[PDB]
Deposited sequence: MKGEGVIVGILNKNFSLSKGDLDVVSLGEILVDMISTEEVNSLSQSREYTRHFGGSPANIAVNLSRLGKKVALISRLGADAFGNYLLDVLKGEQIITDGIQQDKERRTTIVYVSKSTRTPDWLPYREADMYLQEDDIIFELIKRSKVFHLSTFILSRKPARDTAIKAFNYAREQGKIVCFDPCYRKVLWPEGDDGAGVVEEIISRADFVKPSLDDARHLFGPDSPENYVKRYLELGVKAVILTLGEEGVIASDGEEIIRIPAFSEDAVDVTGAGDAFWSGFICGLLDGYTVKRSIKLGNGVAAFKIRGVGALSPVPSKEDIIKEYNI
């Protein structure tokens, strides 16, 4: 009824060891992951009815993922269990200067076309770029994207475009663009921006409002707040730079559907409690 999130669900194998390469990482902790999935969990914790549309294998990890999905009261009807493929897994290093991530994609990219009914019942629809990168799941994703629009739903897209995830032949950038243009809100980060628009802009990136982007776009600047704009005006949230966690922010922003005004961008901000309470 509230939000429908479509994209990848996977387990993250993280290694905090400070090494040169991931080939040097020896210790790994298994985490629940997948941005669309983290957003779902959060929205649920913020007490909203969410439905995550993903594909995971029928194995230890898939089961593990489902368990936390069920324990978080995330509606899991649109979740698909691949009877033959493995649950997607990404290996990560995590550090100020040194990630390196290795993707072992499988199930996540084999998402089928089943519950488009979930949309209508919802009313925010959120989509990620990751899910778009690979051939089979990509199609069911945009098909769902366009359906959500047809149904007059609020469409949120995260233009986290990164070429490596894409086949040598496909465009990639145009696909991400073909969608930014048809979306309501987007959350590019400076990196997500450099990757799609090159360095040609330090904040003018937001000129992507002309990138068809329509709606409005909030550009996160990591350790310096955000810059939103609906085209009529540009806003830098914390005016004081001294006064990352996009899935939390996005969740808060999405949740800003309880009230109104894209001031929800601030509400989301307070939601980025990297921090620790719980």
What are the C-alpha gaps when you align the coordinates back onto the deposited sequence? 1-21, 144-145, 267-271, 307-327
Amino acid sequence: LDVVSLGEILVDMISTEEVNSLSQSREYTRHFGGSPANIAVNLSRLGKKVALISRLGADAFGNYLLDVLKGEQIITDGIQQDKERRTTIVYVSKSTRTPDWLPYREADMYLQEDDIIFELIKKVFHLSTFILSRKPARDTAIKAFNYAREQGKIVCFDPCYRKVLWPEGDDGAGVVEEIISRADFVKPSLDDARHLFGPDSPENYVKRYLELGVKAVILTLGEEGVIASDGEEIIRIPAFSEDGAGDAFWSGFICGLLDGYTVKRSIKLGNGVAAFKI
From here on, numbers count along this sequence of modelled residues.
Hey, which bit's got the bigger mean C-alpha B factor in the entry, 163-171 or 84-92? 163-171
Going by the average Cα B-factor in the PDB entry, point out whether 231-239 or 40-48 comes out higher. 231-239
Highest recorded Cα temperature factor - choice among 107, 142, 121, 180: 121
Could you say which of 58, 212, 68, 53 has its CA atom at the highest B factor, as listed in the PDB entry? 212
Among the modelled residues of its chain, the C-alpha B-factor of residue 222 falls in the third labelled highest
So where's residue 128 on the chain's Cα temperature factor ranking, which third? lowest
How does residue 101 rank on Cα B-factor within its chain, lowest, middle or highest third? highest
Among the modelled residues of this chain, does the Cα B factor of residue 258 put it in the lowest, middle or highest third? highest
Lowest, middle or highest third: where is residue 188 by Cα B-factor in its chain? lowest
